[PDB]
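All remarks here apply to the structure that follows.
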Amino acid sequence: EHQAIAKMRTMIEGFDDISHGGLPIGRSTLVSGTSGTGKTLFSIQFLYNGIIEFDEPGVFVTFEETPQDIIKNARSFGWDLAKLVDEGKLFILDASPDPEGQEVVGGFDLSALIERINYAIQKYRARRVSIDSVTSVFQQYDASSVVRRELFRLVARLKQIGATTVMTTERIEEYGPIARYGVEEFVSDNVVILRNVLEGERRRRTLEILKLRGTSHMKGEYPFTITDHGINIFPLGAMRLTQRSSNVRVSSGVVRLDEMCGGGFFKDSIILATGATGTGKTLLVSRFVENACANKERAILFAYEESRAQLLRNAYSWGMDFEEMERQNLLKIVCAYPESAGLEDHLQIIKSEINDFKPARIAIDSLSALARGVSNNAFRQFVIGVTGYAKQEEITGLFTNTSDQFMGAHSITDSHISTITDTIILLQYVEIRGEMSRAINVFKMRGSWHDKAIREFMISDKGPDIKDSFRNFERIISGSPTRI
Amino acid sequence: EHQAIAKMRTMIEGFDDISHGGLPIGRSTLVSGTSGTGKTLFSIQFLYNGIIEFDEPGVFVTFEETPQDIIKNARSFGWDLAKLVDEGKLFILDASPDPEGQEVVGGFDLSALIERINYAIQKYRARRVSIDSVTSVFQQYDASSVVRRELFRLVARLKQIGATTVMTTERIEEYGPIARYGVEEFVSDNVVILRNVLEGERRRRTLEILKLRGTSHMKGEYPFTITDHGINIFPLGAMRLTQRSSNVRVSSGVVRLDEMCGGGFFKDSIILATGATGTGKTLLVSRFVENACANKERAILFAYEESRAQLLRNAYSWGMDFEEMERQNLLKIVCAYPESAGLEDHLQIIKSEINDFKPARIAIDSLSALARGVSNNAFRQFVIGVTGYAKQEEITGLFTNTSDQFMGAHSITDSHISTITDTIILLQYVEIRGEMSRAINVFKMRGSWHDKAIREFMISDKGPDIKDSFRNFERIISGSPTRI
Amino acid sequence: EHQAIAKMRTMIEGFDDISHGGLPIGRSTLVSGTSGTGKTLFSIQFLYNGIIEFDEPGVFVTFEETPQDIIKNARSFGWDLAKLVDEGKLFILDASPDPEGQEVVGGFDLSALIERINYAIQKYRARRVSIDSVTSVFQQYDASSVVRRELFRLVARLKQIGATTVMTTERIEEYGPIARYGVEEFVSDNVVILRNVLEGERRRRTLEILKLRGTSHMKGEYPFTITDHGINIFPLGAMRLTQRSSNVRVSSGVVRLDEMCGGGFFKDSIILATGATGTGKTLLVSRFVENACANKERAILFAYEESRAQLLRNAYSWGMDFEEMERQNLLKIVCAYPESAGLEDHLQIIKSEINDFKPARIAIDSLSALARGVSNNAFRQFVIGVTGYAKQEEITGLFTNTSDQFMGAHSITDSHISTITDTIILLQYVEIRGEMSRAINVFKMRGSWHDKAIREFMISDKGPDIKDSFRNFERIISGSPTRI
Ligand SMILES: Nc1ncnc2c1ncn2[C@@H]1O[C@H](COP(=O)(O)OP(=O)(O)OP(=O)(O)O)[C@@H](O)[C@H]1O
Ligand SMILES: Nc1ncnc2c1ncn2[C@@H]1O[C@H](COP(=O)(O)OP(=O)(O)OP(=O)(O)O)[C@@H](O)[C@H]1O
Ligand SMILES: Nc1ncnc2c1ncn2[C@@H]1O[C@H](COP(=O)(O)OP(=O)(O)OP(=O)(O)O)[C@@H](O)[C@H]1O
Ligand SMILES: Nc1ncnc2c1ncn2[C@@H]1O[C@H](COP(=O)(O)OP(=O)(O)OP(=O)(O)O)[C@@H](O)[C@H]1O
Ligand SMILES: Nc1ncnc2c1ncn2[C@@H]1O[C@H](COP(=O)(O)OP(=O)(O)OP(=O)(O)O)[C@@H](O)[C@H]1O
Ligand SMILES: Nc1ncnc2c1ncn2[C@@H]1O[C@H](COP(=O)(O)OP(=O)(O)OP(=O)(O)O)[C@@H](O)[C@H]1O
Ligand SMILES: [Mg+2]
Ligand SMILES: [Mg+2]
Ligand SMILES: [Mg+2]
């Protein structure tokens, strides 16, 4: 074969995008990580998908876990391996030791096994093979040099056999040596590292393709999750800037606002409402969500600050009934503390919720709340994620941000996101005659003309009422004006 | 001889600049790095180029990878080694063990290997030799002392034969010892370290020539990329300050602007448009791009904030049709998230795009977007990169920058680039009578006179209209003037 | 000289200052460093200078490099050891092993070597001795204890013989133990450490004299460079504050300014021009340069922001022809990116350029550019260097500094250098009636009276025109004054 490297799809969501096709065929791929990083899961999901998506039988060699457990555990993801074993599509080669035994059986079985495996490969016409914890085999009494030969032998034979393999290795340090003996790294044709980085009492899983001899792939780490559907990876850096854009308009839920936006919000756009606490972002959200229901359209409200019940109370006090919105199955409220999960998990929950409800509009109450603790870079990555998904999905999105300081705020967002959003609505307190009045302002709109006036507005039982600007004032933006 | 030490070109883009001529002839060069750093690639690219550019036969010794694979993978770069083997220009000397290994081979092989290597060198009249992973050989059961002799022997013999060799070693820590045994460094006459530094979930490939006994070379790390054309290194610190400069002018796409600049931008210049989001940099960029097509000249718009579709919707709404621009093959829009790659990659993609399209004008919408996450020094290095490349290429370039704070901004650029640019255009909001108006100002122009007025400007369907200055105001730079 | 120990001069530039006279005679000096730090170069230069300057025969003991290579490599610095070996002034003692060898020899050889070296020393009437990489000798299979005895033996015998020796050693960590076996440090009389510190992708070489039993010396690290002339050290802390001072005046190239400076700049003085980008520092520099040529005097313009071409285009646009300046051989322009090298290198390049051109005036356009990345302490050290050299050299110098923030800048320099400079010229933007006007100001002059006005000035084709002060304004320094 005088062509480039050929890959085999793993069908593990996200992996084939990072690996630019999947694992290189006929070659072994090393997948190491610390305890509980999801090595086993990867190898199994690798075989399963093979069987279910291309009817390519698979051989699974286990050195520690028992075949019963490997099947028992797989049920966690709704995997019935037991069935595939019967259908002879999957064969679990039990290589685990027994409660009793002897010693001085070094490369003895390393050679016998290279046969026992060759046997099952031929017997079931296997295309995919995964060896779980080869590390544990020579974890009997060997040195780095002895380990390099045994691995090289194994890999080499499997390569002759032409099987595409995935080899599991354990590590002890999240950023230290790639594998226990710091030898596997160089012996494998392909290296995949699964990390379960701590950092601030939170855990964050990331997968990285260190190398793939002969082809290209995406570099660095990528967050992923382990759910009821296995390993889910998000190639946030793979998302293309090819979002669809239209001139269609939609309402904000506030007529006067719609006018200021020169005809309303664009369907294909991301809106940001910024302001100190109390300015009324949460109000605009409510009103934006209600407007989608008034037009019998589905909308989701991801609230990260108020409870399900409180949102109702406050919404009802502003008129708009959220009760009905839910019954009519037009509005879906989520609610969860940012601390209840990492950004990766949240991002996913947001996605799935969107898939199981086909929203036309979406509102995330307080992006700034999700920014708690997390690093600015980990956050921006989350914003680009949710932002983009919504964009390429034709879903109009309204996001809320509470600035750290009321009055005087010199920047729209503290996290610096205003450069990622299409429309910016700015709410601000204005001290006038010993009183705290409000003001609304369409800071920017990429497609429309929008009003440039800073209009004061009040809040009542009816909702928001946008009045006039403070034409006779100076230093308004500062918060503490000066009448001329 | 009675002179310094002659070098041999590797023709590896960039390397010969870093090494002040290439590898020292008749000596061996140690190239080490962690797994997946590009050791092999370097060693092969060294032979291949030797063959293809000077018809200098090469011997490739391999201790782990199979000859078939080595040829297989090289295809990844449109490398046909199998052909060169036939033509007897390249000889792959298989030194790898067999699936049925045997004990103690740390002496027979050394002299036997050299016999073979020597044999092959003589047989094909080899000029270049590269041994891949000498590390693996004594990775049988040896100590630093035993390792030091064997290497010394190997290097010495190769020296006698007069072979200019490339030796590959593996590491385990990106900044720990230079090679496995902490001995190889001192035995080699030349040392090259390939690094694949993590840092923030991203990976950065660098190359450093630690030492070359007998001559000079650039010091420090240098970023490089592995592409379909192999290793590509950018000696960003080797670019000379000898850019060509002329008095030729060019339009901005805005006539009034051109007036304020004393007759338009200089062809040989770098312009920077700074301002808060919404001020209209993205507009000035469009008007800049269009003006290049209206004069039937090719221009590239590297957009890192808006999608391809959006840029078109907003552009049409400002008049100017981007659609036609593309068909006429005068305008090329790229678009991509800054998170989709590291600066090094981006820099390259910008370059290649420039070479395959011979642009006259280039505009990067938001350098400030590419500065996300990345360190300031890494960023400045990128800026100097794209900036100088444009200057020496006679390409007029317009760059965008969004200041983190609207109104009050005390510095032009948060990243501090304004000292690297020729002409600066500043956009800023001005609160006037409860309204958000804009202002445009030619902050500086190195060769021209340019207007000193801070003119207010509106934005319409037609585009940008630069009106008059606020002669009757004070503290305008601040964003909240004081009418007088 | 009040020092209890007789020293021998190395003639290595800067070392004898650091060592307070050179290497103690009849004693051994350990010189250790990581790979590629300059150990061999140091030891060779030590013998070479010994032969060329004092006709002191030298014996060079090599354990790894070959006598041919040592001679071949020395040609890099234009030294012909081969010639010296013939004349019988230099003897290279080959102690390296052969590419056939065995096992066991690092002991009696220690006695065989001792007797060998004593032969050479007696035969050539040697006075200087340098043993390159003694480390590698017991790098056969020894423990810390065995090493200490062997070294002590060697050292001891060398002392009896009366030879002044230089012993080279290798280290693995830049700041870890002094030498491999952590035993050499205490056995030697003097210890010198050569470092090659990374830090931010750049490499900085430093030399330190840790100890000298019996005398004093300069403490700490000192930056040095390896050039075509070998090791070059800069004892930046050895520079005495005894610069010559005169009342002689010189023009700035701008008559009005000269008036402001009470009759022009002082010949013996360092001037600082600070202001935001666009203020015109680059202009004043040009005019400062041109004026030295108009009076048939040589001047160097070190530019770190503009290309050689651009400087010319802009200079011509301001009248003054730089073309002629060069031809007449009165003006020399350099140009180079600050990223093209570390401060140490830059400093040295500036010095050499000054020696090979005997300038009367010098102008570094933008020190603030050389401050990119580098640490403030490393920067100040650079400024004190260039500044001091200039002073003791009767060379007038004009340095430029761009402030990170236009208007509002509360400090003259962000780097805090203004305390090192004699005369400070401040340029700044003044918002007046919706327009950006410039203001020039002589902030301070140590020996003169100077004008205290903050005059506004305009820039034309003719150049800088200094007009009058804004007497009817308040808050001028603020950038946006108030008309009273
Ligand atoms: N349905 C599920 N939903 C979410 N997480 C799950 C589910 N099932 C298992 N997990 C998680 O996945 C992990 C299982 O790891 P796995 O057995 O795949 O291999 P490993 O941790 O890489 O290696 P080892 O064999 O040492 O455990 C556990 O840490 C567990 O918390
Ligand atoms: N019935 C009501 N009548 C008049 N004003 C109301 C009423 N309910 C709430 N408000 C006003 O609205 C404000 C609360 O606004 P809101 O729930 O919209 O969110 P927010 O200001 O964006 O964010 P946060 O959760 O930080 O308060 C209060 O400060 C109050 O002045
Ligand atoms: N066409 C290509 N485009 C981009 N990257 C590629 C391409 N081909 C290979 N690569 C990358 O180059 C690397 C190959 O490294 P290489 O085989 O040259 O040596 P190494 O990693 O230094 O040592 P080892 O022999 O242990 O792998 C892989 O990490 C892979 O991602
Ligand atoms: N049809 C239009 N009519 C009037 N104004 C418009 C129109 N389209 C866009 N605008 C205005 O232009 C602004 C957006 O400007 P632009 O796309 O040029 O880039 P920018 O401000 O430099 O960067 P950013 O991407 O952060 O907005 C909006 O704030 C809006 O007021
Ligand atoms: N003409 C020259 N100009 C600038 N640098 C040079 C020149 N010649 C050699 N060098 C540099 O000097 C260094 C030589 O180091 P040297 O041979 O003196 O000893 P070492 O590095 O301390 O020890 P080792 O014997 O392990 O190499 C190299 O790192 C090389 O880059
Ligand atoms: N022919 C000219 N006529 C009028 N003004 C000019 C002319 N040439 C240049 N200028 C002005 O001088 C400014 C550039 O100044 P200059 O080159 O002196 O250095 P600088 O401001 O100190 O530093 P920087 O390199 O950051 O610009 C421009 O902003 C412009 O207003
Ligand atoms: Mg809220
Ligand atoms: Mg934009
Ligand atoms: Mg300048």
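As a convention, Cβ positions derive from the backbone with ideal geometry for all residues, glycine included, and neighbour counts pool all protein chains shown. Just so it is clear, none of the values below were taken in a lab; they were calculated from the coordinates.
For the stretch B:221-248, residues that are crowded, with 18+ Cβ neighbours inside 10 Å and over 18 Å from B:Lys351 (Cβ atoms) total 3. Each residue in the stretch A:190-234 was checked for being more than 8 Å from chain B (Cβ to nearest Cβ), under 24 Å from B:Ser35 (Cα atoms) and in a loop (DSSP other than H, G, I, E, B), and 2 pass.
Taking the stretch A:251-290 as the range and being free of Cβ contacts under 8 Å to residues at least 60 places away in the same chain and either within 16 Å of ligand 8 (Cβ to nearest atom) or assigned to a helix (DSSP H, G or I) (or both) as the test, the residues that pass are A:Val255, A:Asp258, A:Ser286, A:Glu290. Scanning the stretch B:345-363 for residues that are of a type in the set (A, V, I, L, M, F, W, C) and either closer than 26 Å to A:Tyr222 by Cβ or touching a helix residue (DSSP H, G or I) at 6+ places or on another chain (Cβ under 7 Å) (or both) yields B:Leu347, B:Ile349, B:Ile350, B:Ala360, B:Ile362, B:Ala363. Residues that are more than 9 Å from chain C (Cβ to nearest Cβ) and of a type in the set (S, T, N, Q) within the stretch B:141-189 comprise B:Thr164, B:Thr165, B:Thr168, B:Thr169, listed in sequence order. When A:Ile432, A:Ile420 are screened for being more than 16 Å from ligand 9 (Cβ to nearest atom), of a type in the set (A, V, I, L, M, F, W, C) and surrounded by fewer than 19 Cβ atoms within 10 Å (Cβ to Cβ), only A:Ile432 passes. For A:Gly262, the requirement of being on the phi > 0 side of the Ramachandran plot, more than 16 Å from ligand 6 (Cβ to nearest atom), touching a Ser or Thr at 6+ places or on another chain (Cβ under 9 Å) and of a type outside the set (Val, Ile, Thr) is met. When the stretch A:250-264 is limited to residues that are touching a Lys or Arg at 6+ places or on another chain (Cβ under 7 Å) and within 15 Å of ligand 4 (Cβ to nearest atom), the one that is nearest to the other protein chains (Cβ to nearest Cβ) turns out to be A:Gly263.
Taken together, the residues in the stretch B:296-323 that are more than 25 Å from A:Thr387 (Cα to Cα) and free of Cβ contacts under 8 Å to residues at least 24 places away in the same chain amount to 2. For the stretch A:442-466, taking the residues that are within 9 Å of chain B (Cβ to nearest Cβ) and among the basic types (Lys, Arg), the one that is farthest from ligand 9 (Cβ to nearest atom) is identified as A:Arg455.
Going through (1) in contact with a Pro (Cβ under 7 Å, 6 or more places away or on another chain); (2) within 14 Å of chain B (Cβ to nearest Cβ); (3) surrounded by fewer than 18 Cβ atoms within 10 Å (Cβ to Cβ) one by one, A:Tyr124 falls short only on (2). Going by the structure shown, is B:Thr169 touching an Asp or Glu at 6+ places or on another chain (Cβ under 6 Å) and buried (at least 20 other Cβ atoms within 10 Å of the Cβ)? Against the criterion (touching an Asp or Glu at 6+ places or on another chain (Cβ under 6 Å) and buried (at least 20 other Cβ atoms within 10 Å of the Cβ)), B:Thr169 qualifies. Going by what's in this entry, would C:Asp98 be described as within 11 Å of another protein chain (Cβ to nearest Cβ) and either away from ligand 5 (no atom under 16 Å from the Cβ) or surrounded by fewer than 18 Cβ atoms within 10 Å (Cβ to Cβ) (or both)? Taking the combined requirement at face value, the residue satisfies it.
Matching residues to (1) in contact (Cβ under 8 Å) with a residue 60 or more places away in the chain; (2) in contact with a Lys or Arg (Cβ under 7 Å, 6 or more places away or on another chain); (3) closer than 29 Å to A:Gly220 by Cα:
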site	(1), (2), (3)
B:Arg27	yes, yes, no
B:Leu47	yes, yes, no
B:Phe60	yes, no, no
B:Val85	no, no, no
B:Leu90	no, no, no
B:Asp109	no, no, no
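From the list B:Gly373, B:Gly342, B:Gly397, which one is in contact (Cβ under 8 Å) with a residue 40 or more places away in the chain, surrounded by fewer than 22 Cβ atoms within 10 Å (Cβ to Cβ) and in contact with a helix residue (DSSP H, G or I) (Cβ under 9 Å, 6 or more places away or on another chain)? So the residue among B:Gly373, B:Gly342, B:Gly397 that is in contact (Cβ under 8 Å) with a residue 40 or more places away in the chain, surrounded by fewer than 22 Cβ atoms within 10 Å (Cβ to Cβ) and in contact with a helix residue (DSSP H, G or I) (Cβ under 9 Å, 6 or more places away or on another chain) is B:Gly373. Among the residues of the stretch C:471-478, are any closer than 27 Å to B:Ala409 by Cα, of a type outside the set (A, V, I, L, M, F, W, C) and away from chain B (no Cβ under 14 Å)? No, the stretch C:471-478 contains no residue that is closer than 27 Å to B:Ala409 by Cα, of a type outside the set (A, V, I, L, M, F, W, C) and away from chain B (no Cβ under 14 Å). If you check B:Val334 against the conditions, is it under 27 Å from B:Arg244 (Cβ atoms), within 12 Å of chain A (Cβ to nearest Cβ) and more than 13 Å from the chain's Cα centre (by Cα)? The answer is yes for B:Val334. Across the stretch B:1-24, which residue is nearest to B:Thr227 (Cα to Cα) among those that are within 11 Å of another protein chain (Cβ to nearest Cβ) and aliphatic (A, V, I, L, M)? Ranking the candidates gives B:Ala6 first. Residues that are buried (at least 23 other Cβ atoms within 10 Å of the Cβ) and part of a helix (DSSP H, G or I) within the stretch B:294-317 comprise B:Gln310, B:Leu311, B:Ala315, listed in sequence order. Just one of the numbered conditions (1) more than 27 Å from C:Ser307 (Cα to Cα); (2) buried (at least 22 other Cβ atoms within 10 Å of the Cβ); (3) in contact (Cβ under 8 Å) with a residue 60 or more places away in the chain is not true of B:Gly200: (2). Among the residues of the stretch B:32-62, the ones that are within 23 Å of A:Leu154 (Cβ to Cβ) and either acidic (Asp, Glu) or more than 10 Å from every other protein chain (Cβ to nearest Cβ) (or both) come to 1 in all. Taken together, the residues in the stretch A:20-37 that are closer than 19 Å to A:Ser188 by Cα and outside any strand (DSSP E or B) amount to 7.
Report whether or not B:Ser415 is more than 16 Å from the chain's Cα centre (by Cα), in a helix (DSSP H, G or I) and in contact (Cβ under 8 Å) with a residue 40 or more places away in the chain. In short, no. Note on the stretch A:146-166: residues that are assigned to a loop (DSSP other than H, G, I, E, B) and surrounded by fewer than 18 Cβ atoms within 10 Å (Cβ to Cβ) total 2.
The set of residues in the stretch A:376-392 being within 17 Å of A:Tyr222 (Cβ to Cβ) and among the basic types (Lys, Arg) consists of A:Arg380 alone.
When each of A:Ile454, A:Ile484, A:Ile477, A:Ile459 is tested for being aliphatic (A, V, I, L, M), away from ligand 7 (no atom under 16 Å from the Cβ) and surrounded by fewer than 22 Cβ atoms within 10 Å (Cβ to Cβ), the lone residue that passes is A:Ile484.
It is to be established whether one or more residues within the stretch A:375-398 are away from chain B (no Cβ under 11 Å), over 18 Å from B:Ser307 (Cα atoms) and within 15 Å of ligand 7 (Cβ to nearest atom). Yes: the stretch A:375-398 contains one or more residues that are away from chain B (no Cβ under 11 Å), over 18 Å from B:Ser307 (Cα atoms) and within 15 Å of ligand 7 (Cβ to nearest atom).
So, in the stretch B:254-304, of the ones that are closer than 29 Å to B:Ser478 by Cα and touching a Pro at 6+ places or on another chain (Cβ under 9 Å), which residue ends up farthest from ligand 3 (Cβ to nearest atom)? Going through the qualifying residues, I end up with B:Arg256.
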